[PDB]
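Visitor: this one is an experimental structure. Sequence first:
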2 protein chains.
Amino acid sequence: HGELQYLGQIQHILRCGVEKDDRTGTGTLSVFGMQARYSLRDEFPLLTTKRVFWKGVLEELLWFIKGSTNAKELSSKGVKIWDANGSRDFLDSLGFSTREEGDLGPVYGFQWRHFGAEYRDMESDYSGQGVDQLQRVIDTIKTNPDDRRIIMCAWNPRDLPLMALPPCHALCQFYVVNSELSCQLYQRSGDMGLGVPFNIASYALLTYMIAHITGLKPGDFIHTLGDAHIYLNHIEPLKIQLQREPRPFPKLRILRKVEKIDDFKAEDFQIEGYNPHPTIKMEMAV
Amino acid sequence: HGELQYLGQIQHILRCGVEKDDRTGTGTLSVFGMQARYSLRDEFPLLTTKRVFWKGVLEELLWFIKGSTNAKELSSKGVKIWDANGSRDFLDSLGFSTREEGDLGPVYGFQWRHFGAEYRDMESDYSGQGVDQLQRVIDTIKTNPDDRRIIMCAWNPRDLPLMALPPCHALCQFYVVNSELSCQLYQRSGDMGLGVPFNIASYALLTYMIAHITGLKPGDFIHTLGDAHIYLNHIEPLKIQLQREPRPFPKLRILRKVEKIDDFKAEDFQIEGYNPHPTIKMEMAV
Ligand SMILES: Nc1nc(=O)c2c(CCc3ccc(C(=O)N[C@@H](CCC(=O)O)C(=O)O)cc3)c[nH]c2[nH]1
Ligand SMILES: Nc1nc(=O)c2c(CCc3ccc(C(=O)N[C@@H](CCC(=O)O)C(=O)O)cc3)c[nH]c2[nH]1
Ligand SMILES: *c1cc(=O)[nH]c(=O)n1[C@H]1C[C@H](O)[C@@H](COP(=O)(O)O)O1
Ligand SMILES: *c1cc(=O)[nH]c(=O)n1[C@H]1C[C@H](O)[C@@H](COP(=O)(O)O)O1
C-alpha cells in the first residue's frame, strides 16, 4: 500500500545509492531527488514494519507549533530526541560557548511563527514579532483555497549561522480542491532510518490538524527528498526491516473540536488500529 | 526519451486533473505533486515538440544572476516576458501605486544575492548587503561536495507583501557525486503551457554554468511540481503538441572558459542540433 513507497526508497538507496561521506563522520549511501505520495484519506501513515515512537512525534509537532527552540522543553515531555544537538559539547563545537545548553538557536519553531524576528535566546519574548507563517496559512486556506502560494518556509538564509542544525524539512506548501487539503514538503536532507519515518508522520499530523481547523478533509501528503541517505550503521537494521511485511495503516481520530491551532494538546489525539512489527534500534549520527 | 516525461505530465493533468479556479480569472485543470528527472549528460533538455524561445531563457537567467528586479532591464534585451507583471495597471491592482513601472519588487534576483537585505527600489544599491546564496553555493561545491545543504532559496516570507508575483521556482538544491553536478528544484506553481518549458531549460542552464565554474560534469535535473496546471485557453494548443513526436535533445556548448559566475555573457553559450517542431502560441494568464 502506502508503506511500500517508503520501503522502495530504502531498497533503491541500498542497491544503487553511492557511498558518500557526511559531516557526522559516519558513512553514507545516498540518492538525490525522490518523491512519495501518502494518502491521508481514512488512514494515517504511521509505518507498520517497525513500531514508530508516536509520542515523540506528537510532542515534537506541539513543541514546534508553540515556537520553542529549547531542547529541554521537549525533553520535559519524555521526548529526548533533540537533547543531543543541544548539548554543551555540540553547542561548543559550533562555537556557541556563550549559549546556554538546550538553545538550538532560531530553528523550526522560531521560523514558523516569527520569520522576520531578530533572534536573541531560547527564552526571549518574540510575540508580535516577525511573520507568523502558520497562522497565515490557516487564514489563506479559509478565505481563498485556490491560492497558489499557501507556503510555510523554515529555511532562513540570514539565521543559518546561529542554528545548531539547519532545517531538514525546510519548506512545505498546502493545496485545496474538492474540500480536501493536501500538503507537500521539501526535505533537503533525509536520514531514511530515523528522521524520515518521523518526518512523514509529523506532516501528516500537521495536515490533519489544519484540515480540522478549516473544515476540510485530508487529501495527500507528498514527501519530496533532496539528499536521501542511509547511514552505514543503519544498513543492517534496515536490511531486516525491508524483509518484514507491512500492515494496514492505522487511523488518527481527533477527540475534540478545536478552533485555534494553539489550542491543540497531546490529549486531543488518538491513534486507532496500530499493529506494527517489533521495534528496531538505530543510532543517531551526531 | 526525456521530453516524454514532460508530455506525460501534460496528458496526466488533462485526463486526471481537476478543474480549479485561479487568481487570473482563467480556468485551470490541476494536479498536486509531480517529479521528472532530466539528464544533462551530453544533452540539454530544450523541448523539441515545440520551438522554445531560448533567447528569453538565457537572457532571463542572466537577468536573475545580476540580481535585477526591473522588467525593463530584460525588455531591453528583446525579452518582453516580464513586462506584463511590471505594468502600471498590474502594479496598481496590487496597491503599488507609488512604485515605478517595471519594479517587480524583491523577487528572484534580489533574493539570490541579497536575501537578508532590506528592499528599497528596483534601482537601489544592494551590493555588500544580505546573503549571496548563489556564490555561497559555488564555494560549497568547491570545498565540500558532500555537503547536504547546498541550497538556494528565493522564498522569503518577510518580503512577500512587496512582490509583484511570488517565486514559482522557490527553492533548488545541488548535489555532487563522481565529479558530476545535479540540481533539484521545487516549483510551488507550474503553468505547464508556458513557464515550465522555460523553467526546465533555465535550471539546466544554471547547472551547466555552475558545473563549468566548479570543474564538474552535469548530472541530472530533478523537476518537482507543487500545483501543476494547464490553463483552459491552453488546452487545445497543448492537445496538438501532445500529438507531435519528440526529437533528440540538442547540446549546449560553452564557447569559453569562465571563472566567476558573473562573467558569463549571452555570447559564451551556443545551442547545437536543435531541430524542434513548429511554434505554438499560448496566452499568458495575467
Ligand atoms: N543524524 C540526525 N538525524 C535526524 O533525523 C536528527 C534530528 C531530527 C529529529 C529526530 C531525532 C532522532 C530520532 C530518533 O532517534 N528516533 C529513534 C528513537 C527515539 C527515542 O525513543 O528517543 C527511533 O527509532 O525512532 C527521531 C527524530 C535532530 N538531530 C538529528 N540528527
Ligand atoms: N501565468 C503565468 N505564467 C508564467 O510562466 C509567468 C512568468 C514567468 C516568465 C514567462 C512569461 C511568459 C512566457 C511566454 O509567454 N512564453 C511564450 C513565447 C514568448 C515570446 O515570444 O517572447 C512561449 O510559447 O513559451 C515565458 C516566461 C511570469 N508571470 C507568469 N504568469
Ligand atoms: C534532520 C532533521 C529531520 O527532521 N530529518 C532528518 O532526517 N534529518 C537528518 C538528516 C541528516 O542526517 C542530519 C542533518 O544533517 P545535515 O544538516 O544535513 O548535515 O539529520
Ligand atoms: C510563475 C513563474 C515561473 O517561472 N513559472 C511559472 O510557470 N509561473 C506561473 C505559475 C502560475 O501559473 C503563475 C503565477 O500565479 P500565482 O502567483 O500562483 O497566482 O505563473
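Guide: Structure received. Residues are numbered from 1 along each chain as shown, chains lettered A, B, ... in the order given. Ligands and ions are numbered 1, 2, ... in the order given.
Visitor: list the contacts of the helix or strand residue A:9 falls within.
Guide: Per DSSP states H and E: residue A:9 is located in helix A:3-15. Helix A:3-15 is contacted by residues A:29-31, A:34, A:36-38, A:45, A:47-49, A:192, A:196-197, A:200, A:225, A:228-230, A:235, A:238-239, A:241-242, A:246, A:249 when judged by Cβ atoms under 8 Å, 6 or more residues apart in numbering or on different chains. For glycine as for every other residue, the C-beta is placed from the backbone atoms N, C-alpha and C.
Visitor: give me the neighbour count for the residue of the stretch 1-150 of chain A found nearest ligand 4.
Guide: Across the stretch 1-150 of chain A, no residue is closer to ligand 4 than residue A:148, which sits at 3.0 Å (Cβ to the nearest ligand atom). As a burial measure, residue A:148 scores 23 neighbours (other Cβ atoms under 10 Å in any protein chain shown).
Visitor: what's near enough to touch the closest residue to it other than its chain neighbours?
Guide: Computed as Cβ to Cβ, 6 or more residues apart in numbering or on different chains, the closest residue to residue A:148 that is not its neighbour in sequence is residue B:189, at 4.3 Å. Applying Cβ under 8 Å, 6+ apart, one finds that residue B:189 lies in contact with A:148-149, B:168, B:226-227, B:229.
Visitor: same question, residue A:209
Guide: Here residue A:209 is in contact with A:261, A:264 (criterion: Cβ under 8 Å, 6+ apart).
Visitor: gap between it and ligand 2?
Guide: Distance, residue A:209 to ligand 2, by Cβ to the nearest ligand atom, to the nearest Å: 32 Å.
Visitor: quickly find the element holding that residue.
Guide: Once you assign secondary structure using DSSP H and E, residue A:209 falls within helix A:195-214.
Visitor: next, the residue lying closest to residue A:217 once chain neighbours are set aside: phi, psi?
Guide: Spatial nearest neighbour of residue A:217, excluding adjacent residues (Cβ to Cβ, 6+ apart): residue A:180 at 4.6 Å. Main-chain torsions, residue A:180, degrees, to the nearest 10: phi -120, psi 140.
Visitor: show me what contacts residue A:180?
Guide: Contacts of residue A:180 (Cβ under 8 Å, 6+ apart): A:41, A:211, A:216-219.
Visitor: filter the contacts of helix A:3-15 down to the ones in strands?
Guide: By the criterion of DSSP state E, membership of these in strands covers A:29-31, A:34, A:36-38, A:225, A:228-230.
Visitor: I'd say residue A:149 and residue B:168 touch.
Guide: No - counting by Cβ atoms under 8 Å, residue A:149 does not reach residue B:168; the two are 9.5 Å apart.
Visitor: comparing those two, which residue is more hemmed in?
Guide: residue A:149 (23 against 20).
Visitor: could you look up the SS state of the more buried one?
Guide: coil (DSSP: H, G, I helix; E, B strand; the rest coil).
Visitor: please name the nearest non-neighbouring residue to the residue of the stretch 101-250 of chain A found nearest ligand 1.
Guide: Nearest to ligand 1 in the stretch 101-250 of chain A, going by Cβ to the nearest ligand atom, is residue A:195, at a distance of 2.6 Å. The shortest distance from residue A:195 to any residue other than its chain neighbours is 6.2 Å, reached at residue A:168 (Cβ to Cβ, 6+ apart).
Visitor: isn't that neighbour up against residue A:199?
Guide: Yes - at 7.4 Å, residue A:168 and residue A:199 qualify as touching, with contact defined as Cβ under 8 Å.
Visitor: need the overlap of contacts for these two.
Guide: A:187, A:190.
Visitor: and residue A:189, its phi and psi?
Guide: According to degrees, to the nearest 10, residue A:189 has phi -130, psi 140.
Visitor: what's across from it in the sheet?
Guide: As for beta bridges, residue A:189 partners with residue A:227 under DSSP bridges.
Visitor: gap between it and ligand 4?
Guide: From residue A:189 to ligand 4 the distance is 26 Å (Cβ to the nearest ligand atom).
Visitor: burial check on residue A:143, number of neighbours?
Guide: 8.
Visitor: show me the contacts for the residue of the stretch 51-200 of chain A found nearest ligand 2.
Guide: Taking Cβ to the nearest ligand atom, ligand 2 has its nearest neighbour within the stretch 51-200 of chain A at residue A:148, 10.0 Å off. With contacts defined as Cβ under 8 Å, 6+ apart, residue A:148 is in contact with B:22-23, B:188-189, B:227.
Visitor: coming back round to it: going by distance to chain B, which of the contacts of residue A:180 wins?
Guide: residue A:219 (7.8 Å; Cβ to the nearest Cβ).
Visitor: for the closest one, pull up the helix or strand it's in.
Guide: Short version, using DSSP H and E: residue A:219 is in strand A:217-231.
Visitor: which other helices and strands does that strand contact?
Guide: helix A:3-15, strand A:27-39, strand A:180-191, helix A:195-214, strand B:27-39, strand B:169-177 (3 or more Cβ pairs under 8 Å, 6 or more residues apart in numbering or on different chains; DSSP states H and E).
Visitor: and it, what's buried?
Guide: Neighbour-count burial for strand A:217-231, counted by 16 or more other Cβ atoms under 10 Å in any protein chain shown, picks out A:218-231.
Visitor: cool, and stretch A:74-83?
Guide: So for stretch A:74-83, counting by 16+ other Cβ under 10 Å, buried means A:74-75, A:79, A:81-82.
Visitor: now do stretch A:135-155
Guide: For stretch A:135-155, by 16+ other Cβ under 10 Å, it's A:136-138, A:140-141, A:145-155.
Visitor: give me the neighbour count for residue A:109.
Guide: 22.
Visitor: find the nearest non-adjacent residue to it, please.
Guide: Closest to residue A:109 by Cβ to Cβ, 6+ apart is residue A:67, at 3.9 Å.
Visitor: distance of the one you found from residue B:168?
Guide: 29 Å (Cβ to Cβ, to the nearest Å).
Visitor: same check on residue A:2?
Guide: As for residue A:2, its distance to residue B:168 is 29 Å (criterion: Cβ to Cβ).
Visitor: the helix or strand hosting residue A:141 vs chain B: in contact?
Guide: Following DSSP H and E, one finds residue A:141 within helix A:133-143. Yes - residues of helix A:133-143 contacting chain B under Cβ under 8 Å from any Cβ of the partner chain: residue A:133.
Visitor: chain center to that helix: distance?
Guide: 20 Å (Cα atoms, centre = their mean, to the nearest Å).
Visitor: check which helices and strands it sits against.
Guide: By 3+ Cβ pairs under 8 Å, 6+ apart, helix A:133-143 packs against helix A:108-114, strand A:151-153, strand A:169-177, helix A:195-214.
Visitor: flag every residue of chain A that's near ligand 1.
Guide: A:53, A:56, A:80-82, A:85, A:165, A:191, A:194-195, A:198, A:282, A:284-285 (Cβ under 6 Å from any ligand atom).
Visitor: cutoff 8 Å now
Guide: Listed as neighbours of ligand 1 in chain A under the rule Cβ under 8 Å from any ligand atom: A:24, A:50, A:52-53, A:56, A:60, A:79-82, A:84-85, A:165, A:168, A:191, A:193-199, A:231, A:279-282, A:284-286.
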